[PDB]
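A quick write-up on the structure given underneath.
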Amino acid sequence: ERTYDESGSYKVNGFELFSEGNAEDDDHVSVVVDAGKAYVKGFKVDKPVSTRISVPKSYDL
Amino acid sequence: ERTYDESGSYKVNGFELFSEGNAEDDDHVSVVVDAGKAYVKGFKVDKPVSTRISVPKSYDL
Amino acid sequence: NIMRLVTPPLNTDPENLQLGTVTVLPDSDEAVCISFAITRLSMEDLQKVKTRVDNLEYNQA
Amino acid sequence: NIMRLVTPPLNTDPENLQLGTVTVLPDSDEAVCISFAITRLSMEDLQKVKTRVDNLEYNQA
């Protein structure tokens, strides 16, 4: 509560975005989020390793 | 940990440097560091009185 | 939307911290990743900003 | 080094807070003491900096 009321949510380091295009599925594009640390809502969020996420491809016409 | 992540190391007050030249030894110059307060690696460092330090004289040719 | 007019979604949820945006090209494996994460400013950084302000007003004078 | 080229030692250890530098003249009791300690900036100081920025942009206009 004190941290959020003083400074709000902010990043400390890391959490860079990189595209890889891994072929897990032809209808998705893989994205890698690099390891980092941040304080969200006053709670620390330390991730030691990168997280992989995938976005669906755009087909709307 | 939280303080160092949010703000790093910083000084609050005090810790001024003053040269006195006290003759404790002919090969040294005495320097006085005034009392002060600081946060190093998040840990408070509160000193009530000054500290005397000495630097060796320069003789390199 | 078309690439000239596409914009990221607008959000105001306090519970989430935005790390960046990922743009996917229309019907392609390529994707553009940019990081817009809010990052802290330590006391040294703020002092450097203050020095920059001092230089700015000096140049103004 | 000679007085025209002498510089303080370079350090990047996070565990230490630099309070200042002491310069000793070649073969003399005299010494020059300067404080370069990183110091905090209270929210009042940051508001004053913001006001100074406001004045700078007003003068630019």
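No lab work stands behind these numbers, since they all come straight from the coordinates. Cβ sites come from the backbone with ideal geometry, for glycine too, and all protein chains shown count toward neighbours.
Counting charges near residue B:11 (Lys, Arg +1; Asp, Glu -1) among other residues having Cβ under 10 Å from its Cβ returns a value of +2.
The alpha-carbon of residue B:57 sits under 17 angstrom from the alpha-carbons of these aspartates and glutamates, leaving out residues fewer than 8 places away in its chain: B:20, B:24, B:25, B:26, B:27, D:27, D:29, D:30. As a rough guide to protection, the peptides A:21-30, D:8-17, A:5-14 ranked by mean Cβ packing within 10 Å, highest first, stand as A:5-14, A:21-30, D:8-17.
Taking a ≥ b ≥ c as the square roots of the eigenvalues of the Cα gyration tensor, the protein assembly as shown is classed as prolate, since a/c reaches at least 1.5 and a/b is larger than b/c. Positive-end ranking of C:14, C:41, C:61 along the dipole of chain C, with charges on Cβ about the Cα centre, is headed by C:61. When the charge dipole of chain A is built from unit charges on Cβ atoms (+1 for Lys and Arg, -1 for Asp and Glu) and taken about the Cα centre, the candidate among A:31, A:42, A:17 whose Cα reaches farthest toward its positive end is A:42.
Helical runs assigned H by DSSP (4 residues or longer) give chain B a calculated mean residue ellipticity at 222 nm of -2000 deg cm²/dmol, each run adding -39500 (n - 2.57) before division by the residue total. Of interest is the spacing of the C-alpha centroids, which for chain D and region C:6-50 amounts to 32 Å.
Averaged over peptide C:32-38, the number of partner chain Cβ atoms lying within 10 Å of each residue's Cβ comes to 5.
Of all DSSP beta bridges in the protein assembly as shown, what percent run antiparallel (nearest 5)? Around 95 percent antiparallel, to the nearest 5. Considering helices alone, the calculated mean residue ellipticity of chain D at 222 nm is -10000 deg cm²/dmol, with DSSP H runs of length four and up weighted by -39500 (n - 2.57) and normalised per residue.
The charge dipole of the protein assembly as shown, taken about its Cα centre with unit charges on the Cβ of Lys, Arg, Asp and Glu (plus for the first two, minus for the last two), comes to roughly 600 debye.
Taking the C-alpha atoms only, the angle from helix D:43-60 to the longest principal axis of chain D is near 70 degrees. Please state the shape class of chain A: rounded when a/c is under 1.5, otherwise prolate if a/b exceeds b/c and oblate if not, all from the C-alpha gyration tensor. It comes out prolate by the Cα gyration axes.
For chain A, a simple Cβ point-charge model (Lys and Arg +1, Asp and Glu -1, everything else neutral) yields a dipole of about 400 debye relative to the Cα centre. Kirkwood radius and radius of gyration were both taken over the C-alpha atoms of chain C, and their ratio Rg/Rh is 1.21.
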